[PDB]
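Comments concern the structure below.
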Amino acid sequence: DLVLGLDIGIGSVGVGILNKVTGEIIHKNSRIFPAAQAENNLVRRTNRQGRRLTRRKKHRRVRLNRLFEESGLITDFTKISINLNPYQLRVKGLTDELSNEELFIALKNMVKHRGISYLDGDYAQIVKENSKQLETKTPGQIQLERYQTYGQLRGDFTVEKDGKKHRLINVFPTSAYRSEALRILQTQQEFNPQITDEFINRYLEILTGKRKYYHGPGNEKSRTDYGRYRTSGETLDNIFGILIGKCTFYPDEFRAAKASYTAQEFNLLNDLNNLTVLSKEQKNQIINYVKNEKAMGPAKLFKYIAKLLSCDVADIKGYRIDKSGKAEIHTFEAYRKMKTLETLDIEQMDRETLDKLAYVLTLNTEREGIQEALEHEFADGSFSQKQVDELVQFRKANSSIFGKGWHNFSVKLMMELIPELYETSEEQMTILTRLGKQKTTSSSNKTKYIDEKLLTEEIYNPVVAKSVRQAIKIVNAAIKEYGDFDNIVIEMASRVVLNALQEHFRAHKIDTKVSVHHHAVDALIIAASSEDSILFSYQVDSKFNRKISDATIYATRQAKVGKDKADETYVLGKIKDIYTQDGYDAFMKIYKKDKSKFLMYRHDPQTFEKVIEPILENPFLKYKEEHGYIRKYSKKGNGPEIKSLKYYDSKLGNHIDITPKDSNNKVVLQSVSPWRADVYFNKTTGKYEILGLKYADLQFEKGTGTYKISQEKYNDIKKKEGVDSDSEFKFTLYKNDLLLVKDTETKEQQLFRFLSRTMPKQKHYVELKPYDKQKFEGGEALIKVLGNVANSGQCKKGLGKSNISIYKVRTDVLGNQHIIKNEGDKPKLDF
RNA sequence: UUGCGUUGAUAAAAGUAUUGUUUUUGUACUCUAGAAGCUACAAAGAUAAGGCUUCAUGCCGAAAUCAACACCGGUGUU
DNA sequence: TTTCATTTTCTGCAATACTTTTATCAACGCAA
DNA sequence: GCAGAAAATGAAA
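Under my numbering, the first residue of the first sequence carries the number 5, and numbering increases by one thereafter.
What follows is the structure, encoded as structure tokens:
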């Protein structure tokens, strides 16, 4: 027999298999994986909600077009001018008549910009200032006056006053926009007859329509799995209600609300069973006294207990104590605060309907959720309208009683325990032990190996779950290839994996004691506390929908730059905020490199001399403190301000194209990300051909909607990347899929990790990463057919040379190599 | 191991707002009613490439899952 | 004798202000 | 950290 030791880091797990009787090393491995932290799901969720916002904004504008076309006002929306001022139109719309087109433009600009709606520190002060200025005048007048006096209204800006300054923001409450649109539409209804009251109703629905935070996305006919409408066919009416946890002894029932009747009964009965001096009659009497007396605290109930016992408060153990505080026990605070209603009584209703009413009032917060839950939950309830409105006002007034949370047990278990704790004096622990209910079962079937799923469901962090899953798969494969063990030592929360390992070794009668690169050697050290032959094994990344490129959008111009004698397309750049230190550094870089790369030096060169004078005399902050913003040259000092210039960055190369329909110049995206490669062989010339795909080449198909790459497009990539058609498809390679190259004249070989096919002009180049390390500090010497590594840290040597050979290797989880050389007749393009 | 009070941290999911980059148009600025599309400001369109059917409080797309192949939860090969 | 075809460097990358729910861990006490 | 063109090389013609 033998011993396994196992070291678990953040993003690497290493093994060591040792002998107890001799002291030999049997197997070592250093599996590496990316540590899945939670920045990527935050980026994914953030981008999904941003896409939803932009979607709904564009759909708001389309809904406004359909509203204006179905009421028969106008017909064509490609004739309307876009060179008016809408703010002036809104201010004129307060006073007199506008036509159909003018009103269309005014309401369109008003739909595009509604305001915040969470009202109904340094940011709240300024929107409060806009609200305090808003009381005399409508926000359209605020924006218009800010325009006519300062020339600039959009975004936050700092405006020079006579003694000080202030910062102005464009944020206003949406009730301002509601009142302003109401006054505008009422004046136009005085003047124009075609506006109906249903028109202003639907318009104020569009202008102030936000979905509630418990509705989610969806529709009756949409059926996404994110909102209350669901794919299976059941509409939830609140999405957070399906996320409520389960019981601890009946794992098919949800929890009970903490402000119900049975929860407060169970809590008071356990709290008075806890106390050390009671009988069944005194329990019933004390429960009736807490139920019927009004405005009591803990000390009043303790004085009533001391009256019923005729003894002083002395040697009374079992009272719950709060921090630096006197005795506090459970009172029927929720029941009594619902007894202070007047529209409906509580004392004679039921026990069932009080539990369901407390569930409804605990879950929903707003008016509509509470009203719809009262109408949909209560079969044969039939509440009246003033009862419902008093219930909503009661929930809104008391927000601490109904915002405590949910109990642990269900109503079944507590209703079972209640009649067995009136007679006896036992707490819930001894009653649930005596009755045998201790199951809380959760398991899954297996025969000979450990299952990762039922252990991994203990979630602390995703990184601990990922590391534990890789360790359990290693233990599985070592058990498969070596039979059984005699000791397993695991060194990294750890109590759950310890308990699962001991449970699996207890249930299958194995007597193996479970205990508590560089990591392989430290795993050997840990296995003792019970190299060239270090073999590695990486994790292959073959997911095909990651981030396709960068985010910035670029503009292109056709201009001769430098020592060129032809017209090519250059990609523009832009220095923003020329008065900052970084803008001045970038300006001096492009100035000392080549002054003709700016666009202000070609068109309107005279003002560049005006820009020449501050650099010749004195940064531009000195000129701003002297005289203000640098102006474009004019006869007077009426010149426009200068804050940003444009230059020519570089030529155009590999790109994605998003060019709009009416555009004189190509609009691109850059830095596109690669997916996998396809190594081909040419039999005539005797060389290899390395094709390469990117994420932006796969796309959704217009017929089905599936995710695949076509055949003609793949042959187009075959022609562009420069492979021959009568060639032999050898294999593919993903990220971190190992690769053995070998020349055929000395027969010396080396194996690397694939990374990416780079530099798409120069053909058959491969970026490749080391077998053991990942850094490549400096240039370490390689095989003589390949050369030396570049002195910056990147390696992008060239394949496709004559007298060389390329084989794929695959390692298993223990790291045993398997060298293969041909996989199929054709690559796979369906997943 | 189970329950009850406090107070911190995290994770999953939902609803909004104002910019930013970029395209067309207008006004100012420049040179001779035109030209140039630089420099400001204001409208309107796009905002990961892309895609669906139900015609709309419409919907999806940046995470995790992993050695492969062949013959009868197991079994063999390179 | 310039010109082209392969190997190395080196710069550059989207943000901010609110509202709400559910679950899980810790530690400080009362109980078996 | 990495996509990739710009500046720097070496081989021919």
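Don't be surprised by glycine CBs; every beta carbon is placed ideally from N, CA and C.
Where DSSP assigns a beta bridge to residue i, which residues make up the other side?
{"i": "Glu495", "result": "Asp11"}
{"i": "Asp661", "result": "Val672"}
{"i": "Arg680", "result": "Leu697"}
{"i": "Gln562", "result": "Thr573"}
{"i": "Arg35", "result": "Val17"}
{"i": "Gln754", "result": "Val745"}
{"i": "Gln703", "result": "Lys712"}
{"i": "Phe685", "result": "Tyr692 and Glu732"}
{"i": "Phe258", "result": "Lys250"}
Considering residue i, what are the terminal residues of the beta strand (DSSP E) in which it resides?
{"i": "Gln821", "result": "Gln821 to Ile824"}
{"i": "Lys698", "result": "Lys691 to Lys698"}
{"i": "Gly577", "result": "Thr573 to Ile579"}
{"i": "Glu164", "result": "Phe161 to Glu164"}
{"i": "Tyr718", "result": "It is not in any beta strand (DSSP E) - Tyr718 instead sits in the alpha helix (DSSP H) that spans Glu716 to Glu725."}
{"i": "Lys655", "result": "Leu649 to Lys655"}
{"i": "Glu370", "result": "Note, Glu370: premise wrong, no beta strand (DSSP E); not H, not E."}
{"i": "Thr178", "result": "No beta strand (DSSP E) holds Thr178; the alpha helix (DSSP H) holding it covers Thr178 to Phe195."}
Out of the options, point me to the one whose CA is closest to residue i's CA.
{"i": "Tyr699", "options": "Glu716, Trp679 and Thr689", "result": "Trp679"}
{"i": "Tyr363", "options": "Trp410, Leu345, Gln674 and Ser16", "result": "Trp410"}
{"i": "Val671", "options": "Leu272, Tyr574 and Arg761", "result": "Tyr574"}
{"i": "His822", "options": "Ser648, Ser677 and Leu539", "result": "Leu539"}
{"i": "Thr708", "options": "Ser429, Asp608 and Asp834", "result": "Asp834"}
{"i": "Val817", "options": "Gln137, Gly804 and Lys484", "result": "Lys484"}
{"i": "residue 877", "options": "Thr369, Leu365, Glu370 and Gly9", "result": "No statement about residue 877 is possible, as the shown extent of the chain runs from 5 to 835 and does not include it."}
{"i": "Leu502", "options": "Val479, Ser386, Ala511 and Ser519", "result": "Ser519"}
{"i": "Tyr692", "options": "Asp701, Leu148 and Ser731", "result": "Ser731"}
{"i": "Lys513", "options": "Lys24, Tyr293, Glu74 and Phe489", "result": "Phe489"}
{"i": "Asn642", "options": "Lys765, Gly632 and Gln766", "result": "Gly632"}
{"i": "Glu749", "options": "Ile787, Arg70, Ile210 and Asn44", "result": "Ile787"}
{"i": "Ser16", "options": "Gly566, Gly690, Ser498 and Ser541", "result": "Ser541"}
{"i": "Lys169", "options": "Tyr154, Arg182 and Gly54", "result": "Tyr154"}
{"i": "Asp653", "options": "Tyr308, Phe602 and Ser429", "result": "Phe602"}
Verify whether the separation of the beta carbon atoms of residue i and residue j is less than 8 Å.
{"i": "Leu247", "j": "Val281", "result": "no"}
{"i": "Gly20", "j": "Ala475", "result": "no"}
{"i": "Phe270", "j": "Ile422", "result": "yes"}
{"i": "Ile188", "j": "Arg94", "result": "yes"}
{"i": "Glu101", "j": "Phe203", "result": "no"}
{"i": "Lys636", "j": "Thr663", "result": "no"}
{"i": "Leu111", "j": "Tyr207", "result": "yes"}
{"i": "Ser414", "j": "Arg259", "result": "yes"}
{"i": "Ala681", "j": "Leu755", "result": "no"}
{"i": "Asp581", "j": "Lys647", "result": "yes"}
{"i": "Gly828", "j": "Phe758", "result": "no"}
{"i": "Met300", "j": "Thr357", "result": "no"}
{"i": "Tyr684", "j": "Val727", "result": "yes"}
{"i": "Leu348", "j": "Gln389", "result": "no"}
{"i": "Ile405", "j": "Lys341", "result": "yes"}
Where does residue i land, buried or exposed, given buried means 16+ other C-beta within 10 angstroms?
{"i": "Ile557", "result": "exposed"}
{"i": "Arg56", "result": "exposed"}
{"i": "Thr266", "result": "buried"}
{"i": "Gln506", "result": "exposed"}
{"i": "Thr162", "result": "exposed"}
{"i": "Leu186", "result": "exposed"}
{"i": "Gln442", "result": "exposed"}
{"i": "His522", "result": "exposed"}
Which residue comes first and which comes last in the alpha helix (DSSP H) that contains residue i?
{"i": "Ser498", "result": "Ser498 to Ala511"}
{"i": "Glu424", "result": "Per DSSP, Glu424 belongs to no alpha helix (DSSP H) and is neither H nor E."}
{"i": "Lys457", "result": "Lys457 to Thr460"}
{"i": "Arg48", "result": "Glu43 to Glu74"}
{"i": "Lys343", "result": "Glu337 to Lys343"}
{"i": "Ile405", "result": "Note, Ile405: premise wrong, no alpha helix (DSSP H); not H, not E."}
{"i": "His523", "result": "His522 to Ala532"}
{"i": "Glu771", "result": "Careful: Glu771 lies outside any alpha helix (DSSP H), inside the beta strand (DSSP E) at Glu771 to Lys773."}
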